[PDB]
Amino acid sequence: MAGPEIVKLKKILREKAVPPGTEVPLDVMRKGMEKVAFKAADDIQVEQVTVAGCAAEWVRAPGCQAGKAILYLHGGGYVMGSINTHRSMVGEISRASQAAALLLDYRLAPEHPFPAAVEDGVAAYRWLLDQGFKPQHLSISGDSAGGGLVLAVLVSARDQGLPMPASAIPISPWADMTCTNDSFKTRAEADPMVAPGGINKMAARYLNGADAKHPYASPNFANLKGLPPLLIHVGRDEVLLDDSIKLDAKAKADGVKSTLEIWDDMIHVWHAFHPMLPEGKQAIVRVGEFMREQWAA
């Protein structure tokens, strides 16, 4: 039985979102998301770098432990989103985890379709390793499309004989490009956050004709064996619930140490609304603890 903050939030999201079924230009969507992006806390500091040909920032909250890093892979359907749209939540994750985060501006579709984002994520993880960061001091985290891409980067890295990080935290991941999961209807009406055709257009654009079941496009179909300990966050009120429930079971089957938390009443990447959502704040804290626990073990 729900908190007033998530209830005032859902209404605002319903009010401010584009009516269903309506088809918005890509560059309007890109600009929309840029332009309402939260501003990072004033005590977050940032450093521009280029990694594997991409723009990135090191995002450093206070408390950052020397020698630790998180590779962060932002959300946005694989077609939008940027360093700017995610700096605020990654800042808070850096805060809870006491580790600096590398926030990658990875290649976006449709200008760069799949596997470009995966090539970039793996190339960044490699670069982290060429910098000196030890695998046991690493973590990878990502929301939505960034959440799938986390798993995809691991399968791919692993497949290329790269050593796995200490932990991985997909947040509301999209790990099944087919979008055929039951929670797409059972959960439709409770979710203010995601429409498709909306989400289907994104997959169409990312894939550009490629197998929707490719392990690296959709890791719910991947051989997950060897992957590091996982924590998967998802909200009960998202159409993408089933992605996480199935990812979790996939990881379990494949011998992976996985932990699924389904947050009651929560929406898609409710972490991003931390400035006014007690639950956003709490779940980020939790992402932190998990990282440090696995860096503890």
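- Per the deposition metadata, X-ray crystallography was the technique used to determine this entry, at a resolution of 2.20 Å.

1. Notes on the overall build of the protein chain
Line of reasoning, step 1. Counting its regular elements, the protein chain contains nine helices and eight strands.
Line of reasoning, step 2. In summary, the protein chain has a C-alpha radius of gyration of 17 Å against a globular reference of 19 Å for 297 residues, a match within 12%.
Line of reasoning, step 3. Taken along its principal axes, the extent of the C-alpha atoms in the protein chain is 50 × 40 × 35 Å.
Line of reasoning, step 4. When burial is assessed residue by residue, the protein chain has 56% of its 297 residues classed as buried.
Line of reasoning, step 5. Residue pairs at least 24 apart in sequence account for 80% of intrachain contacts in the protein chain once pairs closer than 6 positions are excluded.
Line of reasoning, step 6. Summing over all exposed atoms, the protein chain offers an accessible surface of approximately 12500 Å²; the carbon and sulfur share of this is 53%.

2. Observations concerning the sheet that holds strand 4 (residues 100-104)
Line of reasoning, step 1. With mixed pairing, eight strands are arranged side by side in an open sheet as 1-2-4-3-5-6-7-8. Strands at the two margins of the open sheet, each flanked by one partner only, are strand 1 (45-51) and strand 8 (258-263). Between one strand axis and the next, the sheet turns through 20° on average, direction left out of account.
Line of reasoning, step 2. Pairing of strand 7 (residues 230-235) with strand 8 involves six bridges; the strand directions are parallel.

3. Notes on the side chain of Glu-279
Line of reasoning, step 1. Residue position: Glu-279 is located in helix 9 (residues 278-296).
Line of reasoning, step 2. Although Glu-279 lies buried, it forms no salt bridge, and the closest oppositely charged side chain, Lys-281, sits 7.7 Å away as judged by the N-O distance.
Line of reasoning, step 3. Residues within four places of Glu-279 in sequence aside, it is in contact with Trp-263, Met-266 and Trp-270.

4. Looking at the packing of helix 3 (residues 83-97) against helix 9
Line of reasoning, step 1. For the pair helix 3 and helix 9, interaxial distance at closest approach is 7 Å and the crossing angle is 45°. The pairing of helix 3 with helix 9 is recorded here as oblique in orientation. With respect to the hand of their crossing, helix 3 and helix 9 are arranged in right-handed fashion. Here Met-89, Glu-92, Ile-93, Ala-96 and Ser-97 of helix 3 lie close against helix 9, whose contacting residues are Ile-284, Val-285, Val-287, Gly-288, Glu-289, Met-291, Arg-292 and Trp-295.
Line of reasoning, step 2. The class makeup of the residues in the contact of helix 3 with helix 9 is eight nonpolar, two polar and three charged.

5. Overview of the pairing of strand 3 (residues 69-73)
Line of reasoning, step 1. For strand 3, the tally of buried residues reaches five of five residues, placing the bulk of the element in the interior.
Line of reasoning, step 2. Taking every second residue as pointing to the same face, both faces of strand 3 are buried, with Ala-69, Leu-71 and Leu-73 on one and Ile-70 and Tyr-72 on the other.
Line of reasoning, step 3. Judged from the four bridges that link them, strand 3 and strand 4 form a sheet pairing that is parallel. Along strand 4, the bridge assignment pairs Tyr-72 with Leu-103.
Line of reasoning, step 4. Read as a crossover between parallel neighbours, the route from strand 3 over helix 3 to strand 4 is right-handed.
Line of reasoning, step 5. Bridging between strand 3 and strand 5 (residues 138-143) involves five bridges; their strand directions are parallel. Each residue of the ladder has a partner; that of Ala-69, found in strand 5, is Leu-138.

6. With respect to the packing of helix 4 (residues 116-131) against helix 5 (residues 145-159)
Line of reasoning, step 1. Put simply, helix 4 and helix 5 touch, their axes get as near as 9 Å, and they point 65° apart. Here helix 5 runs roughly perpendicular to helix 4, going by the angle between their axes. Between helix 4 and helix 5 lies a crossing whose hand is right-handed. On the side of helix 4, the interface is formed by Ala-117, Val-118, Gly-121, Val-122 and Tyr-125, while helix 5 contributes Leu-149, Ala-152, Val-153, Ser-156 and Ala-157.

7. A short note on helix 1 (residues 4-16)
Line of reasoning, step 1. With 13 residues, helix 1 ought to run about 18 Å at 1.5 Å a step, and its terminal C-alpha atoms sit 18 Å apart, in line with that.
Line of reasoning, step 2. Along helix 1, the residues that are buried comprise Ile-6, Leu-9, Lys-10 and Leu-13. End-on view of helix 1: buried residues confined to an arc of 100°, all on one side of the axis. With respect to the buried face of helix 1, the exposed residues turned more than 90 degrees away are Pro-4, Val-7, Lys-8, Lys-11, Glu-15 and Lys-16.

What counts and how
- Residues numbered from 1 in each chain as written, not as in the entry; some residues may be left out.
- Heavy atoms only, no water.
- Helix = DSSP H or I, 4+ residues; strand = E, 2+ residues; numbered from the N terminus.
- Rg over C-alpha atoms; globule rule 2.2 N^0.38 Å.
- Buried < 20%, exposed > 50% of the residue type's maximum accessible area, 1.4 Å probe, protein only.
- Contact = heavy atoms within 4.5 Å.
- Areas by Shrake-Rupley, 256 points an atom, 1.4 Å probe, with all protein chains shown as cover.
- Pairing = 2+ DSSP bridges.
- Axes fitted to C-alpha atoms, helices over the stretch in contact; angles between N-to-C directions.
- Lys, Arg positive; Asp, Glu negative; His and termini not counted.
- Salt bridge = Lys/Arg side-chain N within 4 Å of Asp/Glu carboxyl O.
- Parallel < 35°, antiparallel > 145°, perpendicular 65-115°, else oblique.
- Left-handed = near helix turned anticlockwise from the far one by under 90°.
- Nonpolar A, V, L, I, M, F, W, Y, C, P; charged D, E, K, R; others polar.
- Right-handed = clockwise from strand over helix to strand, strands pointing away.
- Expected span 1.5 Å × (residues − 1).
- Arc of directions from axis to C-beta.

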